[PDB]
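The block underneath contains the structure these notes are about, expressed in structure tokens.
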Number of protein chains: 2
Amino acid sequence: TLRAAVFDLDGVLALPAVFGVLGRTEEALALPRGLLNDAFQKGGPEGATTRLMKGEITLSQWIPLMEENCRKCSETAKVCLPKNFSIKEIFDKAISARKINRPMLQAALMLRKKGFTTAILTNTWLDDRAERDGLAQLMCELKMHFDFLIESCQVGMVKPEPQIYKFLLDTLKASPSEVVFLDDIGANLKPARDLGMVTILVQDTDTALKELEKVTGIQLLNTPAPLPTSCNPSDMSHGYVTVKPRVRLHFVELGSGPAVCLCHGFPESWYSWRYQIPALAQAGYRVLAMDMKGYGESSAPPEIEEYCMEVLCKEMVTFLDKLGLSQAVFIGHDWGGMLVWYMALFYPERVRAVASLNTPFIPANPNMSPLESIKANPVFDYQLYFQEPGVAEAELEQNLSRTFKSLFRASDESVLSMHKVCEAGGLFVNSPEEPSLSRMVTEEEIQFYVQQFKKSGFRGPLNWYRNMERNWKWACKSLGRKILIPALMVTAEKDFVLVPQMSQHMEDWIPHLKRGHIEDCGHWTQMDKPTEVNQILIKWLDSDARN
Amino acid sequence: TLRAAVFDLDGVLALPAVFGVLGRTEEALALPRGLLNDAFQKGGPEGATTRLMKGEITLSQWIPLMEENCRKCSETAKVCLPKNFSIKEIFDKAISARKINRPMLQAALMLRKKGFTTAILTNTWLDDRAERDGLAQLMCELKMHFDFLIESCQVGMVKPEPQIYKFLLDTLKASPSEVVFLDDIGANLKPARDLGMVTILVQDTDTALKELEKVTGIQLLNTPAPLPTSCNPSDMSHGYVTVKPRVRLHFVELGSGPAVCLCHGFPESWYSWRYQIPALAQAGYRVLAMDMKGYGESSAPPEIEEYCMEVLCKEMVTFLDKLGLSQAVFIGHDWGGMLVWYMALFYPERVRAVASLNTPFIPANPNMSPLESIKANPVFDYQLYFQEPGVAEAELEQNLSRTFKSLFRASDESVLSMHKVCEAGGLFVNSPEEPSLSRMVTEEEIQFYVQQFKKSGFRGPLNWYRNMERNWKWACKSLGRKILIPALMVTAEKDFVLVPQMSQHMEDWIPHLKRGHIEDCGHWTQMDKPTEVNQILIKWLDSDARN
Ligand SMILES: O=C(Nc1ccc(OC(F)(F)F)cc1)N[C@H]1CC[C@H](Oc2ccc(C(=O)O)cc2)CC1
Ligand SMILES: O=C(Nc1ccc(OC(F)(F)F)cc1)N[C@H]1CC[C@H](Oc2ccc(C(=O)O)cc2)CC1
Ligand SMILES: [Cl-]
Ligand SMILES: [Cl-]
Ligand SMILES: [Cl-]
Ligand SMILES: [Cl-]
Ligand SMILES: [Cl-]
Ligand SMILES: [Cl-]
Ligand SMILES: [Mg+2]
Ligand SMILES: [Mg+2]
């Protein structure tokens, strides 16, 4: 049995196939059947196309050698070509017309997720056209899901030559019977079979998947929608900005385009956005996923007043200042959510657009003190338990694994009351020592949070709840203002603390506020309904944060 | 005598002044003199404009309150306004029309450079228009050169109220006689004088500078062109990407826009680009200034083969891969220069444009070995001295301060032969123990390089010279190719090693190659002629690296 799987690019991981343009163009312009394909293949291994694929010449170099073959292919078949037959124009459109074959990719993902070493094996070229970035993009999205990407124009060998299959095996460190190989060209499979490999001719994807499903014994066709791409922390760009003598902010950076700044909640990290970071990068954005002050690799100074909203917000502006950014899109969840509204309200010149999950914009009531406003909500009782420094820390720090396993739970699997937490004498008092693992998290994912809170503990994070009076006096400066910058509010049906009802009055302060809502979704929106969050955020971003 | 200097924004650090649009618009549309200014000032401290400046309302909020004042200002003066009189359209154009008053900024820089604490004091607003980014940009470029930026709409006080001058002093931690204050409005100066401060009414800049020059006793007017902005290493965003189990690459990141990747030479760091990093950011780019493998905070593994071009180049591709970048503009100097040409030649899908200072693209000669090709140039003799592992390291590491002070020298102040270095028995054998400080570097700037090479030493850096045969066999793969991507070659007149002559044949391989040349310029181009380098690179970038 086999533990490797190798995929062809053109016509297998990517569709429609560029070879199909040779056929398509002919039919379209009423050219003799085969005429272009002859010109493409002219010379065999000694010909121009093979040289290109071996990386001796670039694409722009090959373009005229091909057009030159087409004029003499057409001479021998006694015809000529139209006045503006442009081979650059044919291959430009063909290559961008090519998209990822999603079912084939998901199938490669599933296999690897179940222990297979996966690789791409493609005959491709050194693309030096002006519009080459379109291809390089597709390759960056595709290659990241595979252990190896063997490109012909880099190894100096080409399918269907036996030597590149020897290379493939050396790279996979695997004997030929332990490997499947899918391709759309039969000639490319005969070398694989002679060495012993399992081979599949891809025509339609579904039958190709059916066969692969058979010989692997793994459900590939018709399986459920998988989660988005997570992030491997060791594979990320980690950034570090000193904003102040004693405060350094850490963040994870992925993608290019407009800066998008992701601000997590309590008690979380940048990893809370693992399912969003790759999506939005791919969507066309520069994701800057924070460790907010107090958490992880960001500084966590002891003082309570260091976590008031005004200080926190100034620091985020300095963060932009020092990164050379005039603006960013700001997207918050939980406490980050609140912060982000206050950024749009005090520093709108620096916010491209504002967006919050769960947390509504709540103005300060200038008559009534916050202490009483919080006291008026029985489900906010847990916040009063947090006020006394050291008490809440002791409990949360006692057993970091327990703490995270009992917090990170979906609406339909809870263990934790929020009312009567002071009275009961703690958060976990009626919840177990070893809580079950939630469906939202792997064991490994939990231990990441465990490591982060081994650094600076919970006093920093908790201090965010301990400036209620200070944030109130600040907030009251903004009571004459409105938010007229692009602004999205995303409610979660079954977040029993930040209830969607709390958001109902937001239109008074934010007139062109747009909305998103998620059915069956607890407090931990990002990992609970990642696909719906990714989708809602991308639509908004594309319509509300562009030139 | 005084050790502080405070500058007004509108009409002082930035011109033309927005108040001048009130006057300008009136004249332009044939409105009664003053009519707009009355509407602007309607109500005094109780009026709409003051509220705006105190930060009670945003700009978009104020816009209609102003238009509403204009309809009733025009009623009392028995006139009406044209059909499409738009106050948003007036203030949109006014604000972007505003540029930095460069002589005033240079004057503030000089003062601070000579020990003055400097600050901006401006009546300004919470800008929430769609085109607010234009302003936020100007403020980011301006604020970075001052110790404090006191904006009225943030402190809740406004000129000319005595309380904001009390704030100013508290912030400067300085008594009123130790501070100058420049402004274009006389009313704003009377509070400063009553407290005791020195005041200057700015009308024309040159006379305002003349006065400031007097009362400070520092040459401000007519002084020479200063260098560009350097970088304070503690103020930068520092990034860190693992590209491979044992190799982490460190880089400094500043700005937004297309990714521009700066690759330093031997034996240098990211700091070698200090004069370029802020310029290009401001020019509209995302500068990623590397520590190349072997140097500083980047990993420096012992093995010689880890610094061959092929490995180095693959690693840089992974660097892009993991940062989510499909391309970058690549700009190299010295060894970075060579690397960058080989990136354009092996991975053109990933290079937006290629650019080298000093280092020409030299193909491998397929007949003749590199050992002999290097041996054929008497000024390359120093490279042979480098081949034997440990020898060159011992000398360079013996006295790090000496080493850098004797390398980093301008064409007209040298101490170092390159011919006969093997024969003579070392680089420094006829150069002093305490070499003089070059005009290109401060003492502090030298000690930065000293600290970096205390980490991993010189063996890593030197290994870049120790794969001459391996790079040659690699290079010979590319002899059938050309570089048809945008490509700039910048020669340095008096670089006696990488002589401009070496670049003369580059057009054969690179047909649309563009050029730059710098008179009176040694090997260390970036710090020798920073302004000319910045200027040459920005022109090219704007024409050759955009959509
Ligand atoms: O509640 C949370 N997060 C949270 C709640 C529970 C939780 O689980 C556990 F408590 F830790 F066990 C973990 C995190 N965050 C805050 C609550 C306050 C809210 O902001 C408000 C809302 C209303 C008022 C008011 O009307 O007075 C004030 C602040 C921002 C988000
Ligand atoms: O020479 C330098 N840098 C340098 C030279 C001198 C120097 O001062 C000191 F030597 F360290 F004292 C410090 C750095 N870099 C290399 C030289 C080789 C060049 O690439 C070539 C050029 C020609 C050939 C060939 O024709 O064989 C090969 C490689 C890339 C830049
Ligand atoms: Cl890969
Ligand atoms: Cl999971
Ligand atoms: Cl909860
Ligand atoms: Cl500042
Ligand atoms: Cl200097
Ligand atoms: Cl030199
Ligand atoms: Mg194929
Ligand atoms: Mg002024």
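Numbers in chain B track Swiss-Prot; the residues on display, in order, are 2-548.
Quick check of the header: X-ray crystallography, 3.0 Å.
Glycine residues also receive a Cβ, built from the backbone N, Cα and C atoms like all the rest.
The Mg(2+) binding site annotation in Swiss-Prot covers B:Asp9, B:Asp11, B:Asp185 and is backed by experimental evidence. Long-range C-beta contacts of B:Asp11 (Mg(2+) binding site), restricted to its own chain and to partners at least six residues apart, with a cutoff below 8 Å, comprise B:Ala18, B:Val19, B:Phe20, B:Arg99, B:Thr123, B:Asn124, B:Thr125, B:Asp185.
In the three-state DSSP assignment, the secondary structure recorded for B:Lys43 (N6-acetyllysine) is coil. Feature annotation from Swiss-Prot assigns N6-acetyllysine to B:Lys43 (among others).
Just so you know, the Cβ of B:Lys55 (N6-succinyllysine) picks up 21 other Cβ atoms within 10 Å once every protein chain is counted. Annotation comment: Swiss-Prot describes B:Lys55 (among others) as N6-succinyllysine, evidence class similarity to another entry.
Per Swiss-Prot, the feature phosphate binding site maps to B:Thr123, B:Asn124; the stated evidence is experimental evidence. For the recorded site, B:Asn124 (phosphate binding site), the DSSP three-state label reads coil.
In sequence order, B:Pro161 make up the list of same-chain residues 6 or more apart from B:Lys191 (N6-acetyllysine) whose Cβ falls under 8 Å from its Cβ. Feature annotation from Swiss-Prot assigns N6-acetyllysine to B:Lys191 (among others).
Take the CB of B:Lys215 (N6-acetyllysine) and look out to 10 A: across all protein chains shown you find 11 other CB atoms. Swiss-Prot lists B:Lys215 (among others) with the feature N6-acetyllysine, giving similarity to another entry as the kind of evidence.
Cβ neighbours within 10 Å of B:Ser370 (phosphoserine), excluding its own Cβ and spanning all shown chains: 13. The phosphoserine annotation in Swiss-Prot covers B:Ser370.
What Swiss-Prot records for B:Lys421 (among others) is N6-succinyllysine, and it gives similarity to another entry as the kind of evidence. Around the Cβ of B:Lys421 (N6-succinyllysine), a 10 Å sphere holds 14 further Cβ atoms from the protein chains shown.
Positions annotated as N6-succinyllysine by Swiss-Prot: B:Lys455 (among others). Sequence-distant contacts of B:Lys455 (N6-succinyllysine), defined as residues of its own chain at least six apart whose C-beta falls under 8 angstroms from its C-beta, comprise B:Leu401.
Swiss-Prot lists B:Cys522 with the feature S-(15-deoxy-Delta12,14-prostaglandin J2-9-yl)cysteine. With a 10 A radius on its CB, B:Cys522 (S-(15-deoxy-Delta12,14-prostaglandin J2-9-yl)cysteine) counts 22 other CB atoms from all the protein chains.
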By Cα geometry, the one of the recorded positions (B:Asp9, B:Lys215, B:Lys421) nearest B:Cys522 (S-(15-deoxy-Delta12,14-prostaglandin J2-9-yl)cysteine) is B:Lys421
Under a three-state DSSP reduction, the secondary structure at B:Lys421 (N6-succinyllysine) is coil
Cα of B:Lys55 (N6-succinyllysine) to Cα of B:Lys43 (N6-acetyllysine), in Å and rounded, measures 15
For B:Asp9 (Mg(2+) binding site), the number of neighbouring Cβ atoms whose distance to its own Cβ is within 10 Å equals 24
The correct three-state DSSP answer for B:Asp11 (Mg(2+) binding site) is strand
Cβ proximity for B:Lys43 (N6-acetyllysine), under 8 A, sequence spacing 6+, ordered by residue number, returns B:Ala49, B:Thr50, B:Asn70, B:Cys74
Cβ neighbour count (10 Å, all chains) around B:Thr123 (phosphate binding site) is 23
Residues sitting within 8 A of the centre of the B:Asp9, B:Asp11, B:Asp185 CB atoms (Mg(2+) site), not counting those, run B:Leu10, B:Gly12, B:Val13, B:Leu14, B:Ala15, B:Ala18, B:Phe20, B:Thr123, B:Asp184, B:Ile186, B:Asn189, B:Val203
CA pair B:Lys215 (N6-acetyllysine) / B:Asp9 (Mg(2+) binding site), Å rounded to integer, equals 19
Rounding to whole Å, the Cα atoms of B:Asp9 (Mg(2+) binding site) and B:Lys421 (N6-succinyllysine) are apart by 60
By a three-class reduction of DSSP, B:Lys455 (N6-succinyllysine) is assigned helix
